[PDB]
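Novice: Sending over target-v1.txt (compact mmCIF, N, CA, C and O atoms).
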```
# COMPACT_ATOMS: atom_id res chain seq x y z
N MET L 1 118.90 219.79 20.99
CA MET L 1 119.37 218.65 21.80
C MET L 1 118.40 217.47 21.73
O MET L 1 118.81 216.31 21.73
N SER L 2 117.11 217.77 21.64
CA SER L 2 116.08 216.75 21.53
C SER L 2 114.93 217.31 20.72
O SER L 2 114.63 216.84 19.61
N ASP L 3 114.30 218.33 21.26
CA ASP L 3 113.22 219.01 20.59
C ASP L 3 113.57 220.47 20.42
O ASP L 3 113.16 221.12 19.46
N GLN L 4 114.33 220.99 21.37
CA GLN L 4 114.78 222.36 21.34
C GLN L 4 116.22 222.41 21.84
O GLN L 4 116.90 221.37 21.89
N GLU L 5 116.72 223.58 22.19
CA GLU L 5 118.08 223.69 22.67
C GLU L 5 118.15 223.47 24.17
O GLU L 5 117.20 223.72 24.90
N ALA L 6 119.30 223.01 24.62
CA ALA L 6 119.54 222.70 26.00
C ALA L 6 121.02 222.78 26.26
O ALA L 6 121.82 222.20 25.52
N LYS L 7 121.40 223.51 27.27
CA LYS L 7 122.80 223.72 27.55
C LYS L 7 123.04 223.76 29.06
O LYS L 7 122.12 223.98 29.83
N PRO L 8 124.30 223.51 29.49
CA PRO L 8 124.67 223.54 30.90
C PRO L 8 124.55 224.95 31.48
O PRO L 8 124.15 225.90 30.78
N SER L 9 124.91 225.11 32.75
CA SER L 9 124.81 226.39 33.44
C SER L 9 123.38 226.94 33.38
O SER L 9 123.16 228.15 33.30
N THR L 10 122.39 226.05 33.43
CA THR L 10 121.01 226.46 33.40
C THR L 10 120.68 227.27 34.65
O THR L 10 121.14 226.95 35.75
N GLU L 11 119.90 228.31 34.47
CA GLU L 11 119.51 229.15 35.58
C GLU L 11 118.53 228.43 36.47
O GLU L 11 117.58 227.78 36.00
N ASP L 12 118.75 228.52 37.75
CA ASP L 12 117.91 227.86 38.72
C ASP L 12 116.78 228.80 39.13
O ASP L 12 116.57 229.84 38.50
N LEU L 13 116.05 228.45 40.17
CA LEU L 13 114.97 229.30 40.62
C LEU L 13 115.50 230.37 41.56
O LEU L 13 114.99 231.49 41.60
N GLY L 14 116.54 230.04 42.30
CA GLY L 14 117.17 231.02 43.15
C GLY L 14 117.20 230.62 44.61
O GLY L 14 118.28 230.49 45.20
N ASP L 15 116.03 230.43 45.21
CA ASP L 15 115.93 230.10 46.63
C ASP L 15 116.33 228.65 46.93
O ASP L 15 116.78 228.35 48.03
N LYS L 16 116.17 227.76 45.96
CA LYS L 16 116.47 226.34 46.17
C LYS L 16 117.94 226.14 46.46
O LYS L 16 118.81 226.65 45.74
N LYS L 17 118.24 225.40 47.51
CA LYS L 17 119.59 225.20 47.93
C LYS L 17 120.20 223.93 47.37
O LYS L 17 119.61 223.25 46.54
N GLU L 18 121.39 223.62 47.84
CA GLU L 18 122.12 222.45 47.40
C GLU L 18 121.97 221.33 48.42
O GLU L 18 122.28 220.17 48.15
N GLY L 19 121.49 221.69 49.60
CA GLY L 19 121.29 220.73 50.67
C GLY L 19 120.01 219.93 50.50
O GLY L 19 119.32 219.61 51.46
N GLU L 20 119.71 219.60 49.27
CA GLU L 20 118.53 218.85 48.93
C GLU L 20 118.79 218.03 47.69
O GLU L 20 119.48 218.48 46.76
N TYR L 21 118.28 216.83 47.66
CA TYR L 21 118.50 215.95 46.53
C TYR L 21 117.30 215.07 46.29
O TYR L 21 116.43 214.90 47.16
N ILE L 22 117.25 214.49 45.12
CA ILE L 22 116.17 213.62 44.72
C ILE L 22 116.72 212.56 43.78
O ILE L 22 117.59 212.82 43.00
N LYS L 23 116.25 211.36 43.90
CA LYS L 23 116.70 210.30 43.02
C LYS L 23 115.58 209.86 42.12
O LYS L 23 114.42 210.01 42.46
N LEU L 24 115.91 209.37 40.95
CA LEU L 24 114.90 208.92 40.00
C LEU L 24 115.29 207.61 39.36
O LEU L 24 116.47 207.32 39.18
N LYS L 25 114.29 206.81 39.01
CA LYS L 25 114.53 205.57 38.35
C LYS L 25 113.90 205.56 36.99
O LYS L 25 112.72 205.88 36.82
N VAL L 26 114.68 205.21 36.02
CA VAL L 26 114.21 205.11 34.67
C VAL L 26 113.99 203.65 34.33
O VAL L 26 114.85 202.81 34.60
N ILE L 27 112.83 203.33 33.79
CA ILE L 27 112.50 201.97 33.47
C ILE L 27 112.11 201.86 32.00
O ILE L 27 111.62 202.82 31.40
N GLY L 28 112.33 200.71 31.41
CA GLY L 28 111.98 200.50 30.03
C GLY L 28 111.31 199.18 29.84
O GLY L 28 111.38 198.30 30.70
N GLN L 29 110.64 199.00 28.70
CA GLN L 29 109.95 197.74 28.39
C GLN L 29 110.95 196.58 28.34
O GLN L 29 110.57 195.41 28.41
N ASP L 30 112.22 196.91 28.25
CA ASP L 30 113.30 195.93 28.18
C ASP L 30 113.63 195.41 29.59
O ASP L 30 114.63 194.73 29.80
N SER L 31 112.78 195.76 30.56
CA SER L 31 112.94 195.37 31.97
C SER L 31 114.17 196.03 32.58
O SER L 31 114.67 195.62 33.63
N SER L 32 114.65 197.07 31.93
CA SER L 32 115.80 197.79 32.41
C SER L 32 115.38 198.88 33.39
O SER L 32 114.42 199.61 33.15
N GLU L 33 116.09 198.96 34.49
CA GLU L 33 115.84 199.98 35.48
C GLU L 33 117.13 200.56 36.00
O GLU L 33 118.08 199.83 36.32
N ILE L 34 117.19 201.86 36.07
CA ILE L 34 118.36 202.56 36.55
C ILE L 34 117.98 203.62 37.55
O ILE L 34 117.09 204.44 37.30
N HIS L 35 118.62 203.61 38.69
CA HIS L 35 118.34 204.59 39.73
C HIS L 35 119.48 205.59 39.81
O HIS L 35 120.63 205.23 40.04
N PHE L 36 119.17 206.85 39.58
CA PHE L 36 120.19 207.89 39.59
C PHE L 36 119.84 209.02 40.53
O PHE L 36 118.67 209.28 40.81
N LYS L 37 120.86 209.70 41.02
CA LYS L 37 120.69 210.83 41.91
C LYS L 37 120.68 212.12 41.10
O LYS L 37 121.58 212.38 40.30
N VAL L 38 119.67 212.93 41.32
CA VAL L 38 119.52 214.19 40.63
C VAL L 38 119.18 215.31 41.62
O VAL L 38 118.99 215.06 42.82
N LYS L 39 119.16 216.53 41.15
CA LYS L 39 118.76 217.65 41.98
C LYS L 39 117.41 218.15 41.49
O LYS L 39 116.66 217.40 40.87
N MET L 40 117.08 219.40 41.73
CA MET L 40 115.78 219.90 41.31
C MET L 40 115.78 220.29 39.85
O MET L 40 114.81 220.07 39.13
N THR L 41 116.89 220.82 39.39
CA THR L 41 116.98 221.35 38.05
C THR L 41 117.92 220.53 37.15
O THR L 41 118.47 221.05 36.17
N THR L 42 118.09 219.26 37.46
CA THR L 42 118.95 218.40 36.66
C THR L 42 118.29 218.09 35.32
O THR L 42 117.14 217.65 35.27
N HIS L 43 119.01 218.34 34.23
CA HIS L 43 118.51 218.00 32.92
C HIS L 43 118.47 216.51 32.79
O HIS L 43 119.50 215.84 32.69
N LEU L 44 117.28 215.97 32.78
CA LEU L 44 117.09 214.54 32.73
C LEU L 44 117.59 213.94 31.43
O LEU L 44 117.83 212.74 31.34
N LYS L 45 117.73 214.79 30.41
CA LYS L 45 118.27 214.38 29.14
C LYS L 45 119.63 213.72 29.34
O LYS L 45 119.92 212.69 28.73
N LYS L 46 120.44 214.28 30.23
CA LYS L 46 121.78 213.76 30.51
C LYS L 46 121.69 212.33 31.05
O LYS L 46 122.50 211.47 30.71
N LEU L 47 120.68 212.07 31.86
CA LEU L 47 120.50 210.76 32.46
C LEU L 47 120.08 209.78 31.38
O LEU L 47 120.66 208.71 31.21
N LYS L 48 119.06 210.17 30.64
CA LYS L 48 118.51 209.35 29.60
C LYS L 48 119.53 209.03 28.51
O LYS L 48 119.69 207.88 28.13
N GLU L 49 120.23 210.05 28.01
CA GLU L 49 121.23 209.82 26.97
C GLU L 49 122.38 208.97 27.49
O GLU L 49 122.99 208.21 26.74
N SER L 50 122.67 209.08 28.78
CA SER L 50 123.71 208.28 29.38
C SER L 50 123.32 206.81 29.30
O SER L 50 124.13 205.94 28.98
N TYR L 51 122.04 206.53 29.56
CA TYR L 51 121.49 205.19 29.45
C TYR L 51 121.45 204.76 28.00
O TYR L 51 121.68 203.59 27.68
N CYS L 52 121.18 205.69 27.10
CA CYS L 52 121.11 205.36 25.68
C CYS L 52 122.48 204.96 25.18
O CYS L 52 122.63 203.96 24.51
N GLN L 53 123.50 205.74 25.53
CA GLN L 53 124.86 205.46 25.11
C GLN L 53 125.38 204.18 25.75
O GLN L 53 126.05 203.38 25.11
N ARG L 54 125.05 204.00 27.03
CA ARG L 54 125.45 202.80 27.75
C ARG L 54 124.85 201.55 27.10
O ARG L 54 125.51 200.51 26.98
N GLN L 55 123.61 201.65 26.68
CA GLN L 55 122.90 200.55 26.03
C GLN L 55 123.23 200.53 24.54
O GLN L 55 122.92 199.58 23.82
N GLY L 56 123.87 201.59 24.10
CA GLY L 56 124.28 201.74 22.72
C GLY L 56 123.12 201.95 21.77
O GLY L 56 123.15 201.49 20.63
N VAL L 57 122.10 202.65 22.22
CA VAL L 57 120.94 202.93 21.39
C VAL L 57 120.80 204.40 21.08
O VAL L 57 121.01 205.26 21.94
N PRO L 58 120.47 204.71 19.82
CA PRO L 58 120.22 206.08 19.37
C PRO L 58 119.07 206.75 20.13
O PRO L 58 117.98 206.17 20.28
N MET L 59 119.30 207.97 20.59
CA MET L 59 118.31 208.72 21.37
C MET L 59 117.05 209.04 20.55
O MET L 59 116.00 209.35 21.10
N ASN L 60 117.16 208.97 19.24
CA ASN L 60 116.04 209.27 18.37
C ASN L 60 115.20 208.04 18.12
O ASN L 60 114.11 208.10 17.57
N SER L 61 115.72 206.91 18.54
CA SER L 61 115.03 205.65 18.38
C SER L 61 114.23 205.30 19.61
O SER L 61 113.27 204.54 19.55
N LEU L 62 114.62 205.84 20.72
CA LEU L 62 113.96 205.55 21.96
C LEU L 62 113.24 206.80 22.48
O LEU L 62 113.54 207.91 22.06
N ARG L 63 112.29 206.63 23.38
CA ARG L 63 111.53 207.75 23.90
C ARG L 63 111.31 207.65 25.40
O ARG L 63 110.97 206.59 25.93
N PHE L 64 111.53 208.76 26.09
CA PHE L 64 111.35 208.83 27.53
C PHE L 64 110.17 209.72 27.88
O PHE L 64 110.14 210.90 27.55
N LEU L 65 109.18 209.15 28.54
CA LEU L 65 108.02 209.91 28.95
C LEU L 65 107.56 209.58 30.37
O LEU L 65 107.80 208.49 30.89
N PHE L 66 106.92 210.54 31.00
CA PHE L 66 106.40 210.39 32.34
C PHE L 66 105.04 211.03 32.40
O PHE L 66 104.87 212.18 32.02
N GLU L 67 104.05 210.28 32.85
CA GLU L 67 102.66 210.75 32.91
C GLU L 67 102.15 211.16 31.53
O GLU L 67 101.23 211.96 31.41
N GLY L 68 102.76 210.60 30.49
CA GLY L 68 102.33 210.87 29.14
C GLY L 68 103.01 212.08 28.53
O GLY L 68 102.61 212.56 27.47
N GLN L 69 104.04 212.57 29.19
CA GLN L 69 104.76 213.72 28.69
C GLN L 69 106.21 213.35 28.45
O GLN L 69 106.83 212.68 29.27
N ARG L 70 106.75 213.75 27.32
CA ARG L 70 108.11 213.42 26.99
C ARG L 70 109.08 214.20 27.85
O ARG L 70 108.85 215.38 28.17
N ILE L 71 110.14 213.56 28.26
CA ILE L 71 111.14 214.23 29.02
C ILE L 71 112.04 214.99 28.07
O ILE L 71 112.94 214.41 27.46
N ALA L 72 111.78 216.27 27.93
CA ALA L 72 112.51 217.12 27.01
C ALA L 72 113.95 217.31 27.43
O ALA L 72 114.33 217.03 28.57
N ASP L 73 114.73 217.83 26.50
CA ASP L 73 116.15 218.09 26.71
C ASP L 73 116.39 219.03 27.89
O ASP L 73 117.44 218.98 28.54
N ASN L 74 115.43 219.88 28.17
CA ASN L 74 115.55 220.84 29.26
C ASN L 74 114.56 220.53 30.38
O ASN L 74 114.33 221.35 31.26
N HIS L 75 113.97 219.33 30.36
CA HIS L 75 113.01 218.97 31.41
C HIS L 75 113.72 218.48 32.66
O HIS L 75 114.72 217.76 32.59
N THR L 76 113.20 218.89 33.81
CA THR L 76 113.79 218.55 35.09
C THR L 76 112.74 217.94 36.01
O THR L 76 111.54 218.04 35.74
N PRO L 77 113.17 217.28 37.10
CA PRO L 77 112.25 216.72 38.09
C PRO L 77 111.37 217.78 38.74
O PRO L 77 110.21 217.53 39.08
N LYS L 78 111.91 219.00 38.89
CA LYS L 78 111.14 220.09 39.49
C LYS L 78 110.10 220.58 38.50
O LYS L 78 109.01 221.02 38.87
N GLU L 79 110.45 220.50 37.21
CA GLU L 79 109.62 221.00 36.15
C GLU L 79 108.44 220.08 35.92
O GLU L 79 107.31 220.52 35.74
N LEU L 80 108.72 218.80 35.95
CA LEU L 80 107.71 217.78 35.71
C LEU L 80 106.92 217.45 36.97
O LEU L 80 105.90 216.76 36.90
N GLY L 81 107.40 217.91 38.12
CA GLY L 81 106.69 217.65 39.36
C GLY L 81 106.80 216.21 39.80
O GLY L 81 105.79 215.55 40.06
N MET L 82 108.01 215.70 39.88
CA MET L 82 108.24 214.32 40.30
C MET L 82 108.79 214.25 41.72
O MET L 82 109.09 215.27 42.34
N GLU L 83 108.92 213.04 42.24
CA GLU L 83 109.43 212.81 43.58
C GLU L 83 110.64 211.90 43.54
O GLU L 83 111.03 211.43 42.48
N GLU L 84 111.22 211.63 44.69
CA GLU L 84 112.38 210.76 44.76
C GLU L 84 111.98 209.30 44.63
O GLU L 84 110.93 208.88 45.11
N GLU L 85 112.82 208.55 43.93
CA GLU L 85 112.64 207.13 43.68
C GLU L 85 111.46 206.90 42.74
O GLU L 85 111.01 205.76 42.55
N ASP L 86 110.95 207.98 42.14
CA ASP L 86 109.84 207.86 41.20
C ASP L 86 110.32 207.18 39.93
O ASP L 86 111.52 206.93 39.75
N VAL L 87 109.41 206.89 39.02
CA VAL L 87 109.77 206.13 37.85
C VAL L 87 109.40 206.85 36.56
O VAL L 87 108.34 207.46 36.43
N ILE L 88 110.32 206.81 35.61
CA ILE L 88 110.10 207.37 34.30
C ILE L 88 109.93 206.22 33.32
O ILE L 88 110.63 205.21 33.41
N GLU L 89 109.02 206.37 32.37
CA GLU L 89 108.72 205.31 31.43
C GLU L 89 109.52 205.50 30.15
O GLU L 89 109.57 206.60 29.59
N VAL L 90 110.16 204.45 29.69
CA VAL L 90 110.99 204.53 28.50
C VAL L 90 110.71 203.39 27.53
O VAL L 90 110.56 202.23 27.93
N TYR L 91 110.63 203.72 26.26
CA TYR L 91 110.45 202.74 25.21
C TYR L 91 111.57 202.88 24.21
O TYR L 91 112.07 203.98 23.98
N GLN L 92 112.00 201.78 23.61
CA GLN L 92 113.11 201.84 22.67
C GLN L 92 112.82 201.06 21.39
O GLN L 92 112.49 199.87 21.42
N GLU L 93 112.90 201.75 20.26
CA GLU L 93 112.76 201.11 18.96
C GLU L 93 114.10 200.50 18.57
O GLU L 93 115.14 200.88 19.10
N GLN L 94 114.08 199.58 17.64
CA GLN L 94 115.29 198.85 17.28
C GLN L 94 116.02 199.48 16.10
O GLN L 94 117.15 199.11 15.79
N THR L 95 115.39 200.43 15.43
CA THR L 95 116.00 201.05 14.29
C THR L 95 115.67 202.54 14.24
O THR L 95 114.59 202.97 14.65
N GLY L 96 116.62 203.31 13.79
CA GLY L 96 116.45 204.74 13.66
C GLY L 96 117.61 205.35 12.92
O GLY L 96 118.20 204.72 12.03
N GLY L 97 117.97 206.57 13.27
CA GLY L 97 119.08 207.22 12.63
C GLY L 97 119.60 208.37 13.45
O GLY L 97 119.13 209.50 13.26
```
How would this structure read if it were set down as C-alpha cells?
Specialist:
Amino acid sequence: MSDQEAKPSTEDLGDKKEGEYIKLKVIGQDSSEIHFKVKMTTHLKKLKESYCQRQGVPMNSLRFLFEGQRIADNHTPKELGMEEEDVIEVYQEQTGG
C-alpha cells in the first residue's frame, strides 16, 4: 500500500471503545491544511491518499511525516502517539510515477 501491506478490518487493541475520538490536521508546504476526524486505529494512509487524490497528486510523489517518521500505510494516531488537533507534516514533489 505504501511500504508494506495494509488492509481494512484491522485488529484493534481490544479495550478501546468507540466512545472516543481524535481529530488530526495535515499540513503541507503548499500552505494546505486539512482537519479530519479519526479514531485510535484509523489508517492515516486513507486520510493522506484522500488528500492526494483530491489535490490530484501521486502518493509516491508526496511524503507524509510526523516527528521525522513517515506515516506508513498501517500507521495510526495511537501508534504514532499523537493527540487531537495535532499536525502532520507533508511535502509534495511535482513529478513522480
Novice: Rank nothing, just name the residue among L:68, L:8, L:48, L:40 nearest to residue 20 of chain L, using only N, CA, C and O atoms.
Specialist: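 Checking each candidate against residue 20 of chain L, we get L:40 as the closest.
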Novice: For the atom pair atom CA of residue 96 of chain L and atom O of residue 67 of chain L, what is the interatomic distance in Å to one decimal place?
Specialist: 24.5 Å
Novice: Name the closest residue to residue 79 of chain L among the candidates L:27, L:47, L:13, L:1; distances are taken between atoms, counting only C-alpha atoms.
Specialist: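 With only C-alpha atoms as the atom set, the closest residue is L:13.
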Novice: Mind checking which residues fall within 12 Å of residue 9 of chain L, counting only C-alpha atoms, ignoring those fewer than 5 positions away in the same chain, and posting them as a PyMOL selection string?
Specialist: chain L and resi 41-43+74
Novice: To one decimal place in Å, what is the distance between atom N of residue 64 of chain L and atom CA of residue 90 of chain L?
Specialist: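 Distance reported for this atom pair: 4.9 Å.
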